[PDB]
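Since the structure comes first, as structure tokens, the remarks are kept for the end.
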Amino acid sequence: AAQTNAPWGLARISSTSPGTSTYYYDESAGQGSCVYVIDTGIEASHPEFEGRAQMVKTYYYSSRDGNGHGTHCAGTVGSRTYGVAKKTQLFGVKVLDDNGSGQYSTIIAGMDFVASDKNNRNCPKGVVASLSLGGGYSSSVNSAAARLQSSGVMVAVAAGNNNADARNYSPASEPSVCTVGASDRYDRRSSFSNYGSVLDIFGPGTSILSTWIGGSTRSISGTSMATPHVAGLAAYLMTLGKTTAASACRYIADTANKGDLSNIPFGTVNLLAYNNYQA
Ligand SMILES: [Ca+2]
């Protein structure tokens with residue numbers, strides 16, 4: 001399949017080189033997979049989700065996304081125009097309030113929720129979780145991310161936006177999950193992207209167009225935006241039968257564009273997520 005004039009990040013993920021604008025992907029499109037977006041929520045009613053998004057949990061007085069952040073992320077995962085996995089099922093878990101904030105304790109609870117909740121969902125091709133959030137190092141937060149992963153969910157997390165070593169952030173520093181740095185359309189490490197040995201992969205994160213609340217769209221930037229590209233990619237690859245929740249991060253690293261990014265600090269992987277799709 002070919003989507004012309006796609007957001008640059010979608011095009012980049014199906015390309016061996018920067019500077020193209022068409023997104024190429026197998027039409028299976030992540031059908032039969034599920035992605036949990038653990039964030040400010042999802043405006044499920046957005047036309048771009050086509051009935052494939054649902055709120056499953058909130059820790060606040062509402063499950064609506066009163067921010068837009070969770071909605072943007074979900075859109076990059078699986079909206080029809082702005083999504084990597086255009087046919088995946090999207091499940092929203094509101095651990096972050098409408099200011100985008102959340103106590104670590106609620107975030108942990110949300111991770112443990114998904115690990116159980118996938119047993120109440122129909123996801124024959126596999127389960128992915130996209131965590132575009134983080135804070136300072138916490139062993140409890142990392143442990144929760146490690147449980148979610150061990151349970152059979154492909155866990156993708158943001159490296160963080162401090163232009164700093166991600167070892168000092170959680171869940172970014174957890175070894176057993178997929179930690180995702182950000183790049184721009186010229187293949188530079190995004191100026192705010194964290195780095196370090198704990199990163200597993202980079203995805204598009206600068207100037208990323210996706211869905212927003214009020215049924216609109218906008219371009220914003222962050223390792224928050226890179227993460228859902230990798231999450232959507234994993235879901236897509238799982239439906240293709242190429243990989244599984246336990247091996248998807250490795251598989252993506254293995255099949256990545258390699259050595260192509262600039263301003264990657266010494267000791268950080270130079271790998272850009274790539275679907276290796278041959279149209
Ligand atoms: Ca990691």
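Within each chain, counting starts at residue 1; across the structure tokens, chains are named A, B, ... in the order shown, with ligands numbered 1 upward in that order.
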Could the residues of chain A that have an atom at most 7 Å from ligand 1 be listed as CSV, each with its closest atom pair and the distance in Å to one decimal, counting only C-alpha atoms and all ligand atoms and ordered by chain and ascending residue number?
```
residue,atom,partner,partner_atom_place_in_ligand_line,distance
A:172,CA,ligand 1,1 (Ca),6.2
A:173,CA,ligand 1,1 (Ca),5.9
A:174,CA,ligand 1,1 (Ca),5.1
A:175,CA,ligand 1,1 (Ca),4.1
A:176,CA,ligand 1,1 (Ca),5.6
A:177,CA,ligand 1,1 (Ca),4.5
A:178,CA,ligand 1,1 (Ca),4.5
A:179,CA,ligand 1,1 (Ca),4.2
A:198,CA,ligand 1,1 (Ca),5.0
A:199,CA,ligand 1,1 (Ca),5.5
A:200,CA,ligand 1,1 (Ca),5.7
```
Taking 2 positions as the minimum chain separation for residues in the same chain, which residues sit within 6 Å of stretch 133-136 of chain A when counting only C-alpha atoms? Answer as JSON, numbers by chain. {"A": [131, 169, 170]}
Fewer than 5 positions away in the same chain doesn't count, so skip those; otherwise give me all residues within 9 Å of stretch 12-23 of chain A, counting only C-alpha atoms, as a VMD selection string. chain A and resid 1 to 7 84 185 to 187 203 to 204 229 233 257 260 272 to 278
Store the residues of this selection in a file with C-alpha atoms, as an mmCIF file, in the first residue's frame.
```cif
data_model
loop_
_atom_site.group_PDB
_atom_site.id
_atom_site.type_symbol
_atom_site.label_atom_id
_atom_site.label_comp_id
_atom_site.auth_asym_id
_atom_site.auth_seq_id
_atom_site.Cartn_x
_atom_site.Cartn_y
_atom_site.Cartn_z
ATOM 1 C CA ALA A 1 0.000 0.000 0.000
ATOM 2 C CA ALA A 2 1.130 3.609 -0.617
ATOM 3 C CA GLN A 3 -0.070 6.732 1.127
ATOM 4 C CA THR A 4 1.033 9.836 -0.753
ATOM 5 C CA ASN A 5 1.878 13.096 0.999
ATOM 6 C CA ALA A 6 2.080 11.284 4.295
ATOM 7 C CA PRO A 7 3.524 12.994 7.388
ATOM 8 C CA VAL A 84 1.717 3.669 11.317
ATOM 9 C CA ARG A 185 13.358 15.010 9.005
ATOM 10 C CA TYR A 186 16.999 15.675 8.131
ATOM 11 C CA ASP A 187 18.044 12.585 10.115
ATOM 12 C CA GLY A 203 11.975 7.191 15.560
ATOM 13 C CA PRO A 204 10.653 10.430 14.077
ATOM 14 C CA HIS A 229 6.021 5.327 15.688
ATOM 15 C CA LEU A 233 5.710 -0.338 13.891
ATOM 16 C CA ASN A 257 18.415 1.942 9.156
ATOM 17 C CA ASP A 260 22.352 7.292 9.223
ATOM 18 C CA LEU A 272 16.335 4.473 12.955
ATOM 19 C CA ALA A 273 13.105 2.429 12.963
ATOM 20 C CA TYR A 274 12.305 1.093 9.500
ATOM 21 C CA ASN A 275 9.570 -1.299 8.345
ATOM 22 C CA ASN A 276 11.702 -2.864 5.600
ATOM 23 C CA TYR A 277 8.604 -2.992 3.463
ATOM 24 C CA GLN A 278 9.163 -3.873 -0.172
#
```
Test item: residues at most 12 Å from residue A:241, only C-alpha atoms, excluding those fewer than 6 positions along its chain, as JSON, numbers by chain: {"A": [26, 28, 29, 30, 31, 32, 33, 124, 125, 126, 234, 235, 247, 248, 251]}
Could you name the residues that touch stretch 75-80 of chain A at 6 Å or less, counting only C-alpha atoms, but leaving out those on the same chain fewer than 5 positions away, as a PyMOL selection string? chain A and resi 48-49+85-86+210-211+228-229+232
Output of the above residues as a compact mmCIF listing (two decimals), in the first residue's frame, restricted to N, CA, C and O atoms:
```
# COMPACT_ATOMS: atom_id res chain seq x y z
N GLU A 48 -10.62 10.22 12.74
CA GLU A 48 -9.39 9.58 12.28
C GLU A 48 -9.21 8.18 12.89
O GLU A 48 -8.38 7.40 12.43
N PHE A 49 -9.98 7.86 13.92
CA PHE A 49 -9.81 6.57 14.59
C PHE A 49 -10.80 5.54 14.10
O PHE A 49 -10.62 4.34 14.33
N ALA A 85 0.07 1.99 11.99
CA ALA A 85 -0.68 0.73 11.97
C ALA A 85 -2.15 1.10 11.82
O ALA A 85 -2.89 1.23 12.82
N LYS A 86 -2.56 1.33 10.58
CA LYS A 86 -3.84 2.01 10.29
C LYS A 86 -5.06 1.14 10.58
O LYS A 86 -6.19 1.59 10.42
N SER A 210 -0.22 14.95 13.76
CA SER A 210 -1.13 13.89 14.17
C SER A 210 -2.46 14.46 14.65
O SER A 210 -2.69 15.64 14.57
N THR A 211 -3.32 13.60 15.15
CA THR A 211 -4.60 14.01 15.65
C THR A 211 -4.50 14.87 16.92
O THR A 211 -3.52 14.80 17.69
N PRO A 228 5.34 6.38 19.74
CA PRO A 228 4.22 5.78 19.03
C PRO A 228 4.53 5.32 17.59
O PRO A 228 3.81 4.48 17.05
N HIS A 229 5.58 5.85 16.98
CA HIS A 229 6.02 5.33 15.69
C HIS A 229 6.55 3.92 15.87
O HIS A 229 6.26 3.03 15.07
N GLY A 232 3.51 1.59 16.98
CA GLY A 232 2.78 1.26 15.76
C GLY A 232 3.58 0.32 14.87
O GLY A 232 3.04 -0.61 14.31
```
Let's see if you can do this: from backbone DSSP, list all alpha helix (DSSP H) residues in stretch 102-208 of chain A, as a list in words.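 Here is the list: residues 104, 105, 106, 107, 108, 109, 110, 111, 112, 113, 114, 115, 116, 117, 139, 140, 141, 142, 143, 144, 145, 146, 147, 148, 149 and 150 of chain A.
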Skip stretch 152-164 of chain A itself and residues of its chain fewer than 6 positions away, then list as a JSON list (two decimals) with N, CA, C and O atoms, in the first residue's frame all residues within 7 Å of it, counting only C-alpha atoms.
```json
[["chain", "number", "residue", "atom", "x", "y", "z"],
["A", 127, "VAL", "N", 0.11, -7.76, 21.39],
["A", 127, "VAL", "CA", -0.20, -6.57, 22.19],
["A", 127, "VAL", "C", 1.01, -5.66, 22.35],
["A", 127, "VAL", "O", 2.13, -6.12, 22.64],
["A", 128, "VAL", "N", 0.79, -4.35, 22.16],
["A", 128, "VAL", "CA", 1.84, -3.34, 22.31],
["A", 128, "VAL", "C", 1.38, -2.26, 23.30],
["A", 128, "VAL", "O", 0.18, -2.00, 23.43],
["A", 129, "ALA", "N", 2.33, -1.66, 24.02],
["A", 129, "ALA", "CA", 2.00, -0.54, 24.89],
["A", 129, "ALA", "C", 2.96, 0.60, 24.58],
["A", 129, "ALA", "O", 4.16, 0.37, 24.51],
["A", 130, "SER", "N", 2.41, 1.80, 24.36],
["A", 130, "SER", "CA", 3.15, 3.02, 24.05],
["A", 130, "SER", "C", 3.10, 3.97, 25.27],
["A", 130, "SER", "O", 2.02, 4.45, 25.67],
["A", 131, "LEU", "N", 4.27, 4.23, 25.87],
["A", 131, "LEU", "CA", 4.37, 5.05, 27.08],
["A", 131, "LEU", "C", 5.16, 6.33, 26.79],
["A", 131, "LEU", "O", 6.37, 6.37, 26.92],
["A", 132, "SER", "N", 4.48, 7.37, 26.38],
["A", 132, "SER", "CA", 5.16, 8.61, 26.08],
["A", 132, "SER", "C", 5.10, 9.47, 27.34],
["A", 132, "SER", "O", 4.40, 10.48, 27.39],
["A", 133, "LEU", "N", 5.85, 9.03, 28.35],
["A", 133, "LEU", "CA", 5.91, 9.76, 29.59],
["A", 133, "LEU", "C", 7.20, 9.35, 30.30],
["A", 133, "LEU", "O", 7.88, 8.39, 29.89],
["A", 134, "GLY", "N", 7.55, 10.06, 31.35],
["A", 134, "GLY", "CA", 8.73, 9.74, 32.10],
["A", 134, "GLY", "C", 8.96, 10.75, 33.20],
["A", 134, "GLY", "O", 8.29, 11.76, 33.27],
["A", 171, "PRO", "N", 10.22, 5.41, 32.83],
["A", 171, "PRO", "CA", 10.72, 4.07, 32.57],
["A", 171, "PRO", "C", 11.83, 3.98, 31.51],
["A", 171, "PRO", "O", 12.21, 2.86, 31.13],
["A", 172, "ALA", "N", 12.33, 5.11, 31.03],
["A", 172, "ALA", "CA", 13.31, 5.10, 29.95],
["A", 172, "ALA", "C", 14.52, 4.20, 30.25],
["A", 172, "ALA", "O", 15.03, 3.52, 29.36],
["A", 177, "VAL", "N", 12.61, -3.02, 28.36],
["A", 177, "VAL", "CA", 11.64, -2.43, 27.42],
["A", 177, "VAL", "C", 12.34, -1.66, 26.28],
["A", 177, "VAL", "O", 13.56, -1.47, 26.28],
["A", 178, "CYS", "N", 11.58, -1.24, 25.27],
["A", 178, "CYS", "CA", 12.15, -0.56, 24.13],
["A", 178, "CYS", "C", 12.15, 0.96, 24.36],
["A", 178, "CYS", "O", 11.10, 1.62, 24.33],
["A", 179, "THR", "N", 13.34, 1.50, 24.56],
["A", 179, "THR", "CA", 13.50, 2.94, 24.83],
["A", 179, "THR", "C", 13.81, 3.69, 23.53],
["A", 179, "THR", "O", 14.74, 3.34, 22.82],
["A", 180, "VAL", "N", 13.04, 4.74, 23.25],
["A", 180, "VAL", "CA", 12.96, 5.36, 21.91],
["A", 180, "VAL", "C", 13.41, 6.82, 21.93],
["A", 180, "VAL", "O", 12.80, 7.66, 22.63],
["A", 181, "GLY", "N", 14.48, 7.12, 21.20],
["A", 181, "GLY", "CA", 14.96, 8.51, 21.09],
["A", 181, "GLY", "C", 14.26, 9.14, 19.90],
["A", 181, "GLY", "O", 13.60, 8.43, 19.13],
["A", 191, "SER", "N", 17.11, 17.86, 18.88],
["A", 191, "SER", "CA", 17.91, 18.64, 19.83],
["A", 191, "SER", "C", 17.57, 18.34, 21.30],
["A", 191, "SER", "O", 18.43, 18.40, 22.16],
["A", 192, "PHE", "N", 16.31, 18.02, 21.58],
["A", 192, "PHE", "CA", 15.89, 17.70, 22.97],
["A", 192, "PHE", "C", 16.04, 16.21, 23.29],
["A", 192, "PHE", "O", 15.91, 15.81, 24.43],
["A", 193, "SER", "N", 16.28, 15.36, 22.30],
["A", 193, "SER", "CA", 16.24, 13.91, 22.61],
["A", 193, "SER", "C", 17.31, 13.46, 23.61],
["A", 193, "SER", "O", 18.50, 13.76, 23.44],
["A", 194, "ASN", "N", 16.88, 12.73, 24.64],
["A", 194, "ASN", "CA", 17.83, 11.96, 25.45],
["A", 194, "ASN", "C", 18.57, 10.92, 24.65],
["A", 194, "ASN", "O", 18.16, 10.54, 23.53],
["A", 195, "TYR", "N", 19.67, 10.43, 25.22],
["A", 195, "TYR", "CA", 20.54, 9.51, 24.55],
["A", 195, "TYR", "C", 21.10, 8.55, 25.60],
["A", 195, "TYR", "O", 20.65, 8.54, 26.77],
["A", 199, "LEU", "N", 19.07, 3.59, 25.39],
["A", 199, "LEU", "CA", 18.28, 3.66, 24.17],
["A", 199, "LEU", "C", 18.39, 2.41, 23.31],
["A", 199, "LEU", "O", 19.49, 1.83, 23.14],
["A", 222, "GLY", "N", 8.67, 15.68, 20.27],
["A", 222, "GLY", "CA", 9.09, 15.06, 21.54],
["A", 222, "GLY", "C", 9.45, 13.61, 21.31],
["A", 222, "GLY", "O", 9.06, 13.04, 20.28],
["A", 223, "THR", "N", 10.18, 13.00, 22.24],
["A", 223, "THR", "CA", 10.36, 11.55, 22.22],
["A", 223, "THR", "C", 9.00, 10.91, 22.49],
["A", 223, "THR", "O", 8.78, 9.73, 22.22],
["A", 224, "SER", "N", 8.10, 11.71, 23.04],
["A", 224, "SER", "CA", 6.66, 11.36, 23.02],
["A", 224, "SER", "C", 6.08, 11.02, 21.62],
["A", 224, "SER", "O", 5.15, 10.22, 21.48],
["A", 227, "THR", "N", 8.08, 7.58, 20.12],
["A", 227, "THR", "CA", 7.61, 6.35, 20.77],
["A", 227, "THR", "C", 6.44, 5.66, 20.03],
["A", 227, "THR", "O", 6.53, 4.49, 19.73],
["A", 230, "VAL", "N", 7.38, 3.74, 16.89],
["A", 230, "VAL", "CA", 7.93, 2.43, 17.19],
["A", 230, "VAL", "C", 6.85, 1.47, 17.68],
["A", 230, "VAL", "O", 6.83, 0.29, 17.26],
["A", 231, "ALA", "N", 5.94, 1.94, 18.53],
["A", 231, "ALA", "CA", 4.81, 1.12, 19.00],
["A", 231, "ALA", "C", 3.93, 0.66, 17.84],
["A", 231, "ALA", "O", 3.63, -0.53, 17.73],
["A", 245, "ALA", "N", 5.88, -10.03, 20.87],
["A", 245, "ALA", "CA", 6.03, -8.95, 21.84],
["A", 245, "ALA", "C", 7.40, -9.01, 22.49],
["A", 245, "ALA", "O", 8.00, -7.96, 22.80],
["A", 246, "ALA", "N", 7.89, -10.22, 22.73],
["A", 246, "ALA", "CA", 9.15, -10.41, 23.46],
["A", 246, "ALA", "C", 10.40, -10.06, 22.63],
["A", 246, "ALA", "O", 11.46, -9.75, 23.18],
["A", 248, "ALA", "N", 10.24, -8.03, 19.57],
["A", 248, "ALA", "CA", 9.96, -6.93, 18.62],
["A", 248, "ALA", "C", 10.98, -5.77, 18.67],
["A", 248, "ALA", "O", 11.41, -5.25, 17.62]]
```
Separation of atom CA of residue A:56 and atom CA of residue A:141, in Å? 21.1 Å
Considering only C-alpha atoms, can you say which of A:68, A:41, A:214, A:9 comes closest to residue A:82?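 Smallest distance to residue A:82 is found for A:9.
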Have a look at A:112, A:39, A:65, A:117 and name the one nearest to residue A:93; count only C-alpha atoms.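 So, comparing all the options, the nearest one is A:39.
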List as a PyMOL selection string the protein and nucleic acid residues near residue A:144, meaning an atom at most 10 Å away when only C-alpha atoms are counted, but skip any in the same chain fewer than 4 places from it. chain A and resi 107-112+115+139-140+148-150+171+174
